[PDB]
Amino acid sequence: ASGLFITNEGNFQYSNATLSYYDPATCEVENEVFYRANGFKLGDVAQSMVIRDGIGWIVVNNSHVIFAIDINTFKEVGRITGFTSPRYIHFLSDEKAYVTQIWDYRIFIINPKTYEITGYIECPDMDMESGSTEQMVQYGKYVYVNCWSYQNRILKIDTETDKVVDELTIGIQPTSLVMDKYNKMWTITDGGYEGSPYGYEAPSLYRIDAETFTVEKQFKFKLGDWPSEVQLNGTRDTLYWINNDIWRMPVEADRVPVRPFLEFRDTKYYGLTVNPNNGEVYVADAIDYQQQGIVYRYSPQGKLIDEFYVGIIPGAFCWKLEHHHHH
């Protein structure tokens, strides 16, 4: 049956990260599913998750590892260690995938089938001290990736050579990256922070053409905002993101709407996702980064459907959609 995974960062150096699994049909959530199925802790700061042919890959940022589990039993089928500080994983094939990192100038290349690191992609003009590669989107034989922490550019990678072939400098610290149905990528910066050794400025939302790798639209916000998590709906024509409130806009719009999708409620909207089949929007609220977090489920029209408590600091989602795998 269809379901939704929710990773929970937990607290840094507290090794209290956990995995939750929610059933939209029953409105029931199960917490600490990884530990309950495996007998050992997920780790420190679970960061993201992807599902590929009956296998879920969970990135645990501060545990230097990626866990491969059965999406039904949640039991571990394999794992890859040795990562500096893993962020996201993007599959190119059953034997090749990229794993971005923070505190590293290299993008780790791995072989999912053998569960080992096979190589590295060196990013130009960055080191280990402040290096950072985050989310990735694929465009034909190319893969685009945003450089977040103490960085200000998007890199273009040729998957046929595993090398960076181009770059684009934009606002400081782009946080995420998605591709719409017009082959236009979207990224939103967080503008750094006050007293930052790198910079502090008003953040912006960018619309960049994938083919020409050029900025087409730039929507600048207010100084002090720390936006993040650009997300798209199933048809990839409605963009959502976080900036105090949960915002949304048609990808063809010439301006950001004056009203948000979900108003700020003095808490801490941290994670976000949209059901690719029905458009329902799920918002992960960290509350205060201390107590147990909560997830809100809204209809496309913005009606509250359900809410459920998960783990500490829920920040990422992964949909488990039913479908027949190829043989």
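Residue positions are given as counts along the sequence shown, with the first one as 1.
Chemist: Averaged over C-alpha atoms, is the B-factor higher for 46 to 54 or for 268 to 276 in this PDB entry?
Modeler: The entry gives the higher C-alpha B-factor average to 46 to 54.
Chemist: Using the B-factors recorded in the PDB entry, average over the C-alpha atoms of 228 to 236 and of 214 to 222, then report which stretch comes out higher.
Modeler: The entry gives the higher C-alpha B-factor average to 214 to 222.
Chemist: Please pick out which of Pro86, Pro174, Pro250, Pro197 has the largest Cα B-factor as recorded in the entry.
Modeler: Spelled out: the listed residue with the top C-alpha B-factor is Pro197.
Chemist: From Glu134, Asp245, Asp180, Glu95, which pick has the Cα B-factor that tops the rest in the entry?
Modeler: Comparing C-alpha B-factors across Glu134, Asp245, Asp180, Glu95, the maximum falls on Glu95.
Chemist: By its CA B factor, does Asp285 count among the lowest, middle or highest third of the modelled residues in the chain?
Modeler: Tercile = lowest for this residue's CA B-factor.
Chemist: State the tercile, meaning the lowest, middle or highest third, of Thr169 with respect to the CA B-factors recorded for its chain.
Modeler: Middle third by C-alpha B-factor.
Chemist: When the modelled residues of the chain are sorted by Cα temperature factor, does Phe317 land in the lowest, middle or highest third?
Modeler: For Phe317, whose C-alpha B-factor we compare with every modelled residue in the chain, the answer is the lowest third.
Chemist: Could you tell me which third, lowest, middle or highest, the C-alpha B-factor of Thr100 occupies within its chain?
Modeler: Within its chain, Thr100 is a lowest-third residue by C-alpha B-factor, going by the deposited values.
Chemist: Hey, what third does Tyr22 fall into on Cα B-factor, ranked over its chain?
Modeler: Lowest third - that is where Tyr22 ends up once the chain's C-alpha B-factors are sorted.
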